[PDB]
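Report on the following structure.
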Number of protein chains: 4
Amino acid sequence: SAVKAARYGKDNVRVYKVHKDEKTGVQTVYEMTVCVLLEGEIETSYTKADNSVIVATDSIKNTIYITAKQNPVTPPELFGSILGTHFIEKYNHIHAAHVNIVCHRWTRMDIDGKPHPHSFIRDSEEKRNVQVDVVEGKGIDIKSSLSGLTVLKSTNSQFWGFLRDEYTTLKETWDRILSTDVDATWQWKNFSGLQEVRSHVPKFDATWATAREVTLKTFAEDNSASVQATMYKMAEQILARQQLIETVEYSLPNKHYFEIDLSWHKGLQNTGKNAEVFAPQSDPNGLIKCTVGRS
Amino acid sequence: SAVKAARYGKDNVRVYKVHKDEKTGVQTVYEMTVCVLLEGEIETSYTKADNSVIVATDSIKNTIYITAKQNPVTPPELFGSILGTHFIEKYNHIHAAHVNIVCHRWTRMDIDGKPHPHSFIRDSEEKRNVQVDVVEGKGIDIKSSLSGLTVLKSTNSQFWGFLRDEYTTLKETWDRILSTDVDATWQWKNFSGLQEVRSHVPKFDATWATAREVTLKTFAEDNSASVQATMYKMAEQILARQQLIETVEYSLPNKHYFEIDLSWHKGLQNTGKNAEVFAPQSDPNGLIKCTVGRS
Amino acid sequence: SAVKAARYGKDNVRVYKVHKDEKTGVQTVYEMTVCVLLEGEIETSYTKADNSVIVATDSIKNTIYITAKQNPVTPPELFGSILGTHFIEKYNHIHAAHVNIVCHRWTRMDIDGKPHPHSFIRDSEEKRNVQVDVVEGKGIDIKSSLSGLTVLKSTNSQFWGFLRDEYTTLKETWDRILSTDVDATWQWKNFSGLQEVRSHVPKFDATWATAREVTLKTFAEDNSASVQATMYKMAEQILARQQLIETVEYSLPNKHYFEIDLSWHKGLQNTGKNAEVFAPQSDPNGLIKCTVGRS
Amino acid sequence: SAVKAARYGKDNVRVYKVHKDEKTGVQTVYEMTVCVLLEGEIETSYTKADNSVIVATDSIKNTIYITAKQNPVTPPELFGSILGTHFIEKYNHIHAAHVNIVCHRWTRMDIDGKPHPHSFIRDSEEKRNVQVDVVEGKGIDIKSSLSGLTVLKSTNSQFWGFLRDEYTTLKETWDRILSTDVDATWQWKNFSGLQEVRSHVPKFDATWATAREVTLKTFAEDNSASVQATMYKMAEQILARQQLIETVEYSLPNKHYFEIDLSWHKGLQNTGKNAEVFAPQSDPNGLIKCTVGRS
Ligand SMILES: O=c1[nH]c(=O)c2nn[nH]c2[nH]1
Ligand SMILES: O=c1[nH]c(=O)c2nn[nH]c2[nH]1
Ligand SMILES: O=c1[nH]c(=O)c2nn[nH]c2[nH]1
Ligand SMILES: O=c1[nH]c(=O)c2nn[nH]c2[nH]1
Ligand SMILES: [Cl-]
Ligand SMILES: [Cl-]
Ligand SMILES: [Cl-]
Ligand SMILES: [Cl-]
Ligand code: NA
Ligand code: NA
Ligand code: NA
Ligand code: NA
């Protein structure tokens with residue numbers, strides 16, 4: 001037997017950081033969940049009980065807190081690059097660090113029309129994430145994403161013209177509900193190291209904002225021929241707006257809302273043009289994925 | 001053996017309804033999860049296998065859809081009163097209906113600064129709920145609530161002066177983080193029946209809005225001496241603003257964020273006045289409850 | 001405004017305890033989640049910011065650990081009685097303690113046919129719970145329960161003879177699947193205090209075992225006319241077997257498995273007597289409740 | 001812009017199947033959740049709104065039910081191979097099918113010491129899974145797994161000798177609790193097609209059973225030097241026992257149970273040799289992974 005691949009570390013490390021402007025009194029909070037997995041010359045911990053090569057996962061947890069104390073935690077693309085670089089520079093036998101960060105929303109409260117200096121609201125479960133892989137000699141690969149963005153439009157979605165055979169019961173339609181939970185990932189070009197990541201810092205927040213805006217506008221305005229077609233249009237625009245992105249991936253469930261035929265009850269009309277009451281379906285659901293890159 | 005209490009019905013009935021203004025093109029969606037449990041002269045279904053007294057739970061599900069087709073679904077206090085009244089009027093041997101409604105957020109999207117006519121976003125997991133108990137001869141009792149409103153303030157929360165004995169390790173503090181998931185319930189005065197509920201329809205949305213506003217402002221502005229003290233002030237204001245409410249109940253977890261002592265590492269200062277990085281605790285949590293009524 | 005009711009404490013306190021027999025080498029583990037809420041003369045913490053009446057929730061957490069160190073944690077009915085008695089005896093102004101305990105399964109592993117001395121498996125998510133209310137001057141009220149016991153039978157369940165009207169579409173049936181998650185609660189007669197609870201210690205484990213056995217046998221052997229009828233038979237037997245129980249309550253979802261008509265595809269027969277493939281429904285579900293007591 | 005990768009299908013398809021022996025009266029149930037994603041020449045559905053290349057996801061759902069009606073659903077490795085082969089053979093432009101199956105436990109009840117003919121219990125949340133990738137011209141790749149197997153041992157776990165530096169606070173230990181949720185995957189050698197899979201049918205259930213047995217025995221009997229070391233020993237044995245497996249992967253969380261120092265309270269001794277009461281930690285957790293293959 002041989003170890004073909006090994007990685008280990010600390011998952012589900014919850015971190016909060018507060019920034020206090022002494023000038024203005026204004027406080028800003030950041031809350032994340034962090035995962036760090038390491039690889040390197042660690043095979044003997046598995047094969048020979050040799051713990052001397054193990055940086056304890058508890059020590060990894062400590063490091064995350066220390067790094068957050070001494071560095072900015074935003075944008076998470078920078079924080080994660082700093083964190084991963086740390087492990088491969090500090091430990092000679094560690095050659096890769098895999099850092100995943102989930103950012104939780106704490107949005108400043110408006111009270112009486114004015115931004116409150118130190119109160120916040122979790123205004124939805126949408127997340128901003130990063131995956132950062134720091135590999136000794138091979139630079140820094142960053143995948144940024146948004147997830148848990150739940151949307152619905154009540155009309156201007158169509159689905160017709162699909163393949164019909166002896167397994168098909170689905171009726172063509174020119175007017176349906178479309179609802180999904182958006183998972184969108186943009187993959188940056190490889191960066192040579194931390195100096196290069198630092199050089200692009202302003203692009204990370206801006207690109208996140210553009211991706212969200214494009215997603216929302218396109219969903220709302222597209223007279224959609226299918227989930228496939230709509231999602232392609234989203235990906236095409238993001239790539240057009242940020243040249244340092246190599247690929248954009250979307251993964252979208254099609255969360256079905258079914259018509260309910262009530263005609264058995266006193267001839268009540270609740271289908272097609274007369275559909276007002278629908279049954280949301282918890283399962284099953286369509287799942288549609290696409291990765292779009294440059295020609 | 002005797003049946004001392006019995007109730008039965010359909011839970012987790014998901015319902016969507018759309019309203020279409022043909023004038024303006026504007027669509028509005030409502031999505032709920034509904035539970036209906038019935039009581040009455042049904043003991044023999046349990047004791048004698050006599051199913052003749054059972055209105056099938058499947059029929060209850062059908063009724064919910066039919067009622068939603070033929071009536072307004074908002075405010076949920078009205079919808080639930082209509083639904084419960086239906087069962088006790090229609091079936092001679094059914095004498096109580098217990099209706100629980102959870103309303104899910106579908107907030108109209110702003111695209112380019114303009115309200116979109118038919119696209120929506122789930123802008124958080126906060127819910128608006130109602131519990132309606134319709135009892136033959138005893139009217140309609142309505143409890144309205146908001147839940148899942150998650151908030152945090154980074155300062156202006158204190159906790160000092162509490163009882164100290166040989167079980168106490170907690171240090172007094174003059175500056176801490178306060179974070180909670182708000183569950184707030186207001187109980188209306190008993191209504192004689194549907195005509196009376198209809199007569200008060202405008203008060204339901206207005207009171208929900210006031211309760212939310214009061215909760216948020218009070219949390220943000222109170223230099224809090226304890227969760228207990230802050231929540232009392234919220235309840236006092238709601239009761240003052242709506243005379244048709246008899247009681248207000250709050251149930252608030254105290255979701256702890258712990259300081260992390262980093263002084264073992266190079267003398268790093270991260271406690272008291274120097275606290276910047278904290279560890280959110282998933283469990284355990286304080287749980288603080290209060291019911292406030294009129295003197 | 002006046003405080004009509006108030007309670008506060010610590011929820012979600014996870015506790016593990018190990019017992020080591022030095023004779024035999026055999027270890028036994030117990031794992032619980034505990035909630036303790038207190039009531040008494042504490043209104044001024046809410047109304048006047050008077051924290052002097054508050055036993056901090058952190059201190060409540062400490063107490064739970066200390067009590068578990070110094071006392072047996074099984075049966076949970078005894079542990080919870082000891083814990084609640086502590087608070088009302090120790091603090092003059094605390095007059096009620098409400099203790100909820102959820103016991104998690106750690107079942108000893110069989111390796112090579114022999115019981116292992118110190119390895120355990122979580123052999124399902126079924127829980128054994130207790131709710132203990134200790135009220136100064138009014139003794140100790142104990143509700144014991146099992147929950148999360150998920151069962152299914154593939155035949156010998158019928159549902160016919162129910163009320164049919166213009167809201168009914170459900171077809172009568174003589175052969176269906178029946179599946180549920182059992183929640184069963186037995187309420188003990190009031191106990192005068194801790195000495196009395198101690199006097200009945202052997203009955204707690206025995207009654208839990210009987211309730212589970214009766215539930216399982218009755219479900220498996222009853223040619224069920226309805227959930228209502230089957231659950232009544234379970235409750236009747238428990239009450240017959242343990243005289244110190246006053247009431248038994250069951251709450252049972254009816255988790256539907258629907259036939260799938262495949263006849264549109266090449267005349268495939270998959271309904272009634274020919275039903276082999278079914279669609280489990282996640283929602284909605286029937287919910288059936290009964291409380292049975294003594295005549 | 002170009003489509004670099006695309007896949008789509010139906011997720012969360014819940015399926016139940018019953019087998020009835022008319023001889024003996026004995027019924028056996030199977031319950032799964034199935035996901036099928038397809039790839040092929042479908043780019044134009046995304047880029048040109050050309051739905052003619054789409055086999056509707058609703059039709060995929062129908063197919064799953066039809067296939068389950070006409071074929072055995074066990075072992076899931078066979079069912080998934082049949083299902084995936086179907087799509088690539090039936091549709092000329094579909095060239096890959098990705099089939100994921102989660103099998104849920106329905107274990108026959110023992111009532112009075114005898115196996116019941118048609119009643120079942122969900123005896124834990126452990127799953128048996130398969131991932132089957134059927135690729136036109138490249139055969140059938142099957143990954144089998146077990147997941148959600150939760151275990152704990154109260155002693156005979158050690159962790160000492162690890163790297164200590166200025167980020168390390170963790171104390172070496174010779175006696176700790178070890179608890180994990182086992183996720184174990186075995187990857188079969190590529191199969192040329194369905195005839196070859198059929199030829200190995202008996203090996204699938206047998207290998208699943210061996211993997212579970214080896215996992216459980218090794219966990220219980222190993223005087224563990226680390227999670228890394230213990231998991232390696234599990235993987236080595238599986239590979240030794242089944243030659244048609246190419247790799248074994250384990251992913252194991254280290255779910256921490258912390259000592260609680262109670263010495264501040266009346267000198268109570270609850271650490272090291274005197275540790276009886278521990279605090280289970282919900283987060284963070286160690287995460288340890290290994291892929292082991294043949295030399
Ligand atoms: O947008 C859609 N894409 C699909 O592939 C599909 N299949 N069924 N319904 C569908 N709707
Ligand atoms: O606001 C608070 N109330 C309490 O009762 C308490 N106990 N510990 N900490 C606390 N904070
Ligand atoms: O056992 C049942 N009880 C009910 O009350 C019911 N209603 N529909 N189906 C049902 N099955
Ligand atoms: O078994 C373990 N492996 C590890 O890598 C580790 N790190 N901390 N604790 C640990 N325990
Ligand atoms: Cl779909
Ligand atoms: Cl608290
Ligand atoms: Cl039902
Ligand atoms: Cl670990
Ligand atoms: Na290195
Ligand atoms: Na009536
Ligand atoms: Na007292
Ligand atoms: Na093909």
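In the structure tokens, each chain is lettered A, B, ... as it comes, each chain's residues begin at 1, and ligands are numbered from 1 in order of appearance.
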
Excluding residue C:66 and any residue of its chain fewer than 6 positions from it, enumerate the residues within 9 Å of it, using only C-alpha atoms, and give them as a JSON list (two decimals) with N, CA and C atoms, in the first residue's frame.
```json
[["chain", "number", "residue", "atom", "x", "y", "z"],
["B", 167, "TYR", "N", -20.30, 29.17, 42.57],
["B", 167, "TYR", "CA", -20.50, 28.59, 41.21],
["B", 167, "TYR", "C", -20.17, 29.56, 40.09],
["D", 262, "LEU", "N", -12.42, 21.92, 36.91],
["D", 262, "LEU", "CA", -13.38, 22.29, 37.94],
["D", 262, "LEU", "C", -12.66, 22.63, 39.27],
["D", 265, "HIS", "N", -13.62, 25.19, 41.88],
["D", 265, "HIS", "CA", -14.78, 24.96, 42.73],
["D", 265, "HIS", "C", -14.45, 23.90, 43.78],
["D", 268, "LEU", "N", -12.26, 20.54, 43.13],
["D", 268, "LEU", "CA", -12.80, 19.37, 42.51],
["D", 268, "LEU", "C", -11.81, 18.91, 41.42],
["D", 277, "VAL", "N", -16.09, 14.23, 33.45],
["D", 277, "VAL", "CA", -17.06, 15.09, 32.76],
["D", 277, "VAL", "C", -16.31, 15.95, 31.73]]
```

Using only C-alpha atoms, what does the table of chain B residues within 7 Å of chain C look like, with each row giving the shortest atom pair and its distance in Å to one decimal, sorted by chain and ascending number, as a Markdown table?
```
| residue | atom | partner | partner_atom | distance |
| --- | --- | --- | --- | --- |
| B:1 | CA | C:294 | CA | 4.7 |
| B:2 | CA | C:293 | CA | 5.4 |
| B:3 | CA | C:292 | CA | 4.5 |
| B:4 | CA | C:292 | CA | 5.3 |
| B:5 | CA | C:291 | CA | 5.0 |
| B:6 | CA | C:290 | CA | 4.4 |
| B:7 | CA | C:289 | CA | 5.3 |
| B:8 | CA | C:288 | CA | 4.4 |
| B:9 | CA | C:287 | CA | 5.4 |
| B:10 | CA | C:286 | CA | 4.5 |
| B:11 | CA | C:285 | CA | 5.5 |
| B:12 | CA | C:284 | CA | 4.7 |
| B:13 | CA | C:284 | CA | 4.9 |
| B:45 | CA | C:228 | CA | 6.2 |
| B:46 | CA | C:229 | CA | 4.3 |
| B:47 | CA | C:229 | CA | 6.2 |
| B:49 | CA | C:229 | CA | 5.6 |
| B:51 | CA | C:162 | CA | 4.7 |
| B:52 | CA | C:162 | CA | 4.6 |
| B:53 | CA | C:163 | CA | 6.5 |
| B:54 | CA | C:162 | CA | 5.5 |
| B:55 | CA | C:163 | CA | 5.4 |
| B:56 | CA | C:162 | CA | 6.6 |
| B:57 | CA | C:286 | CA | 5.9 |
| B:58 | CA | C:170 | CA | 6.5 |
| B:59 | CA | C:168 | CA | 5.0 |
| B:62 | CA | C:167 | CA | 6.4 |
| B:63 | CA | C:167 | CA | 6.4 |
| B:161 | CA | C:51 | CA | 5.4 |
| B:162 | CA | C:52 | CA | 4.6 |
| B:163 | CA | C:52 | CA | 5.3 |
| B:167 | CA | C:59 | CA | 5.6 |
| B:168 | CA | C:59 | CA | 5.0 |
| B:169 | CA | C:59 | CA | 6.9 |
| B:170 | CA | C:58 | CA | 6.5 |
| B:225 | CA | C:49 | CA | 6.1 |
| B:228 | CA | C:46 | CA | 4.7 |
| B:229 | CA | C:46 | CA | 4.3 |
| B:232 | CA | C:46 | CA | 5.7 |
| B:236 | CA | C:1 | CA | 6.0 |
| B:283 | CA | C:12 | CA | 5.9 |
| B:284 | CA | C:12 | CA | 4.7 |
| B:285 | CA | C:11 | CA | 5.5 |
| B:286 | CA | C:10 | CA | 4.5 |
| B:287 | CA | C:9 | CA | 5.4 |
| B:288 | CA | C:8 | CA | 4.4 |
| B:289 | CA | C:7 | CA | 5.3 |
| B:290 | CA | C:6 | CA | 4.4 |
| B:291 | CA | C:5 | CA | 5.0 |
| B:292 | CA | C:3 | CA | 4.5 |
| B:293 | CA | C:2 | CA | 5.4 |
| B:294 | CA | C:1 | CA | 4.7 |
| B:295 | CA | C:1 | CA | 5.5 |
```

Residues at most 8 Å from ligand 11, using only C-alpha atoms and all ligand atoms? Could they come as a PDB file with N, CA, C and O atoms, in the first residue's frame?
```pdb
ATOM      1  N   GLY C  40     -38.508  32.945  39.250  1.00  0.00           N
ATOM      2  CA  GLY C  40     -38.673  33.366  40.638  1.00  0.00           C
ATOM      3  C   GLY C  40     -38.865  34.856  40.746  1.00  0.00           C
ATOM      4  O   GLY C  40     -39.429  35.499  39.860  1.00  0.00           O
ATOM      5  N   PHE C  87     -31.271  24.268  42.337  1.00  0.00           N
ATOM      6  CA  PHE C  87     -31.442  25.704  42.125  1.00  0.00           C
ATOM      7  C   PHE C  87     -32.476  26.289  43.075  1.00  0.00           C
ATOM      8  O   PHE C  87     -32.308  27.412  43.517  1.00  0.00           O
ATOM      9  N   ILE C  88     -33.542  25.551  43.352  1.00  0.00           N
ATOM     10  CA  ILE C  88     -34.597  26.119  44.192  1.00  0.00           C
ATOM     11  C   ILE C  88     -34.175  26.073  45.680  1.00  0.00           C
ATOM     12  O   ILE C  88     -34.615  26.889  46.437  1.00  0.00           O
ATOM     13  N   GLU C  89     -33.319  25.121  46.060  1.00  0.00           N
ATOM     14  CA  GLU C  89     -32.803  25.047  47.437  1.00  0.00           C
ATOM     15  C   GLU C  89     -31.692  26.006  47.682  1.00  0.00           C
ATOM     16  O   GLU C  89     -31.593  26.581  48.743  1.00  0.00           O
ATOM     17  N   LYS C  90     -30.843  26.208  46.692  1.00  0.00           N
ATOM     18  CA  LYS C  90     -29.692  27.059  46.877  1.00  0.00           C
ATOM     19  C   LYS C  90     -30.023  28.528  46.880  1.00  0.00           C
ATOM     20  O   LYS C  90     -29.412  29.298  47.606  1.00  0.00           O
ATOM     21  N   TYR C  91     -30.973  28.930  46.048  1.00  0.00           N
ATOM     22  CA  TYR C  91     -31.272  30.341  45.889  1.00  0.00           C
ATOM     23  C   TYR C  91     -32.654  30.607  46.439  1.00  0.00           C
ATOM     24  O   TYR C  91     -33.671  30.066  45.990  1.00  0.00           O
ATOM     25  N   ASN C  92     -32.694  31.446  47.456  1.00  0.00           N
ATOM     26  CA  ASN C  92     -33.952  31.721  48.153  1.00  0.00           C
ATOM     27  C   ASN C  92     -35.040  32.331  47.220  1.00  0.00           C
ATOM     28  O   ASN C  92     -36.238  32.015  47.364  1.00  0.00           O
ATOM     29  N   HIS C  93     -34.619  33.145  46.254  1.00  0.00           N
ATOM     30  CA  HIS C  93     -35.580  33.868  45.405  1.00  0.00           C
ATOM     31  C   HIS C  93     -35.942  33.148  44.084  1.00  0.00           C
ATOM     32  O   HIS C  93     -36.727  33.655  43.284  1.00  0.00           O
ATOM     33  N   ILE C  94     -35.292  32.020  43.847  1.00  0.00           N
ATOM     34  CA  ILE C  94     -35.612  31.145  42.735  1.00  0.00           C
ATOM     35  C   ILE C  94     -36.610  30.130  43.217  1.00  0.00           C
ATOM     36  O   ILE C  94     -36.356  29.415  44.169  1.00  0.00           O
ATOM     37  N   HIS C  95     -37.771  30.072  42.571  1.00  0.00           N
ATOM     38  CA  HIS C  95     -38.820  29.160  43.015  1.00  0.00           C
ATOM     39  C   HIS C  95     -39.227  28.071  42.059  1.00  0.00           C
ATOM     40  O   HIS C  95     -40.031  27.220  42.429  1.00  0.00           O
ATOM     41  N   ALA C  96     -38.711  28.112  40.820  1.00  0.00           N
ATOM     42  CA  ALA C  96     -38.925  27.018  39.883  1.00  0.00           C
ATOM     43  C   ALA C  96     -37.719  26.828  38.949  1.00  0.00           C
ATOM     44  O   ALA C  96     -37.033  27.801  38.615  1.00  0.00           O
ATOM     45  N   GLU C 136     -41.055  24.987  43.855  1.00  0.00           N
ATOM     46  CA  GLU C 136     -40.997  25.123  45.317  1.00  0.00           C
ATOM     47  C   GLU C 136     -42.407  24.991  45.898  1.00  0.00           C
ATOM     48  O   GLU C 136     -43.324  25.701  45.490  1.00  0.00           O
TER      49      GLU C 136
END
```

Query raised in the report: Which parts of stretch 37-197 of chain A does DSSP call strand (DSSP E) when run on the backbone here, written out as number ranges by chain?
Result: A: 37-40, 94-104, 107-111, 114-121, 127-135, 139-153, 178-188

Can you tell me which residues surround residue B:178 at a distance of at most 7 Å, considering only C-alpha atoms, apart from same-chain residues fewer than 3 positions away, and format the answer as a PDB file with C-alpha atoms, in the first residue's frame?
```
ATOM      1  CA  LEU B 152     -25.540  42.021  16.441  1.00  0.00           C
ATOM      2  CA  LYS B 153     -24.083  45.118  18.076  1.00  0.00           C
ATOM      3  CA  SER B 154     -20.361  45.353  18.638  1.00  0.00           C
ATOM      4  CA  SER B 157     -23.819  46.212  25.914  1.00  0.00           C
TER       5      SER B 157
END
```

Report summary line: If you count only C-alpha atoms and all ligand atoms, the residue of D:234, D:213, D:180, D:267 closest to ligand 8 turns out to be D:180

Requested in this report: Just list the residues in stretch 10-104 of chain B DSSP gives helix (DSSP H, G or I) on the backbone, as a VMD selection string.
Outcome: chain B and resid 43 to 47 51 to 53 57 to 70 76 to 90

Preceding selection exported with N, CA and C atoms as a compact mmCIF listing (two decimals), in the first residue's frame:
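Result went into selection_10.txt, see below:
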```
# COMPACT_ATOMS: atom_id res chain seq x y z
N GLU B 43 -63.21 11.23 18.94
CA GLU B 43 -62.60 10.21 19.83
C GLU B 43 -62.78 8.81 19.29
N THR B 44 -63.93 8.54 18.63
CA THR B 44 -64.17 7.15 18.19
C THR B 44 -63.26 6.66 17.05
N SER B 45 -62.61 7.59 16.33
CA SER B 45 -61.61 7.22 15.32
C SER B 45 -60.44 6.57 16.00
N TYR B 46 -60.15 7.02 17.23
CA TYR B 46 -59.06 6.44 18.00
C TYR B 46 -59.49 5.17 18.73
N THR B 47 -60.67 5.21 19.31
CA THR B 47 -61.04 4.10 20.22
C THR B 47 -61.79 2.95 19.55
N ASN B 51 -63.82 5.63 11.23
CA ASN B 51 -63.27 6.69 10.41
C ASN B 51 -64.30 7.65 9.88
N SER B 52 -65.59 7.41 10.19
CA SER B 52 -66.63 8.24 9.62
C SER B 52 -66.59 9.67 10.11
N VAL B 53 -65.97 9.87 11.29
CA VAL B 53 -65.80 11.20 11.86
C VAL B 53 -64.54 11.94 11.37
N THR B 57 -56.96 14.16 6.21
CA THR B 57 -55.94 15.22 6.17
C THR B 57 -55.67 15.65 4.72
N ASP B 58 -55.71 14.72 3.78
CA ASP B 58 -55.63 15.08 2.35
C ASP B 58 -56.71 16.12 1.96
N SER B 59 -57.93 15.97 2.51
CA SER B 59 -59.01 16.93 2.25
C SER B 59 -58.74 18.28 2.89
N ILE B 60 -58.07 18.26 4.03
CA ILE B 60 -57.68 19.49 4.67
C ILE B 60 -56.70 20.23 3.73
N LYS B 61 -55.74 19.50 3.16
CA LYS B 61 -54.76 20.08 2.22
C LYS B 61 -55.50 20.70 1.04
N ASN B 62 -56.44 19.97 0.43
CA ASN B 62 -57.24 20.51 -0.67
C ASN B 62 -57.91 21.81 -0.28
N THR B 63 -58.49 21.84 0.94
CA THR B 63 -59.20 23.01 1.41
C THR B 63 -58.31 24.21 1.51
N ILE B 64 -57.08 24.00 1.95
CA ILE B 64 -56.18 25.11 2.07
C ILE B 64 -55.96 25.78 0.68
N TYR B 65 -55.74 24.97 -0.34
CA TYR B 65 -55.55 25.48 -1.69
C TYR B 65 -56.80 26.19 -2.22
N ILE B 66 -57.95 25.54 -2.05
CA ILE B 66 -59.22 26.16 -2.48
C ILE B 66 -59.46 27.51 -1.76
N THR B 67 -59.21 27.57 -0.45
CA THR B 67 -59.45 28.77 0.29
C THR B 67 -58.50 29.86 -0.18
N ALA B 68 -57.27 29.49 -0.44
CA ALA B 68 -56.30 30.47 -0.95
C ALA B 68 -56.69 30.97 -2.35
N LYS B 69 -57.34 30.13 -3.14
CA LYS B 69 -57.76 30.55 -4.47
C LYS B 69 -58.91 31.60 -4.38
N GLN B 70 -59.80 31.40 -3.43
CA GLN B 70 -61.03 32.21 -3.32
C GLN B 70 -60.99 33.39 -2.38
N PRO B 76 -51.86 37.57 6.88
CA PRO B 76 -52.05 36.17 7.26
C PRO B 76 -53.00 35.99 8.42
N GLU B 77 -53.13 36.99 9.26
CA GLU B 77 -54.12 36.94 10.36
C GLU B 77 -55.58 36.77 9.82
N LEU B 78 -55.86 37.39 8.69
CA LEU B 78 -57.17 37.29 8.07
C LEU B 78 -57.28 35.94 7.39
N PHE B 79 -56.28 35.57 6.59
CA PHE B 79 -56.33 34.28 5.91
C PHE B 79 -56.54 33.12 6.89
N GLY B 80 -55.78 33.13 7.98
CA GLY B 80 -55.88 32.04 8.94
C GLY B 80 -57.24 32.01 9.65
N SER B 81 -57.81 33.19 9.90
CA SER B 81 -59.17 33.27 10.51
C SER B 81 -60.22 32.72 9.57
N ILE B 82 -60.10 33.06 8.28
CA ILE B 82 -61.02 32.52 7.31
C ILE B 82 -60.93 31.00 7.21
N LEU B 83 -59.70 30.50 7.10
CA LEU B 83 -59.45 29.08 7.03
C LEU B 83 -59.98 28.29 8.24
N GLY B 84 -59.71 28.76 9.46
CA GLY B 84 -60.17 28.06 10.65
C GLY B 84 -61.70 28.11 10.80
N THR B 85 -62.29 29.27 10.51
CA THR B 85 -63.76 29.43 10.55
C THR B 85 -64.43 28.44 9.61
N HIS B 86 -63.86 28.27 8.43
CA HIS B 86 -64.36 27.30 7.50
C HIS B 86 -64.63 25.92 8.10
N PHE B 87 -63.65 25.38 8.84
CA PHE B 87 -63.75 24.00 9.31
C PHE B 87 -64.81 23.86 10.39
N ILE B 88 -64.93 24.84 11.27
CA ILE B 88 -65.87 24.70 12.38
C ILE B 88 -67.31 24.96 11.88
N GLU B 89 -67.48 25.76 10.83
CA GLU B 89 -68.81 26.01 10.25
C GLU B 89 -69.25 24.91 9.35
N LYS B 90 -68.32 24.33 8.61
CA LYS B 90 -68.67 23.31 7.65
C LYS B 90 -68.99 21.98 8.27
```

Report task. Choose the residue, out of A:146, A:24, A:109, A:114, that has the smallest atom-to-atom separation from residue A:205; count only C-alpha atoms. Result -> A:146

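If you look at atom CA of residue D:181 and atom CA of residue D:211, they are 14.7 Å away from each other.
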
Requested in this report: Please provide as a ChimeraX atom specification all residues within 12 Å of residue A:192, with the sequence filter that same-chain residues fewer than 3 positions apart are discarded (counting only C-alpha atoms).
Outcome: /A:81,85,134-142,188-189,195-199

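Close contacts of residue D:143, defined as residues with an atom at most 7 Å away when counting only C-alpha atoms, with chain neighbours fewer than 6 positions off set aside, comprise residues 130, 131, 132, 185, 186, 187 and 188 of chain D.
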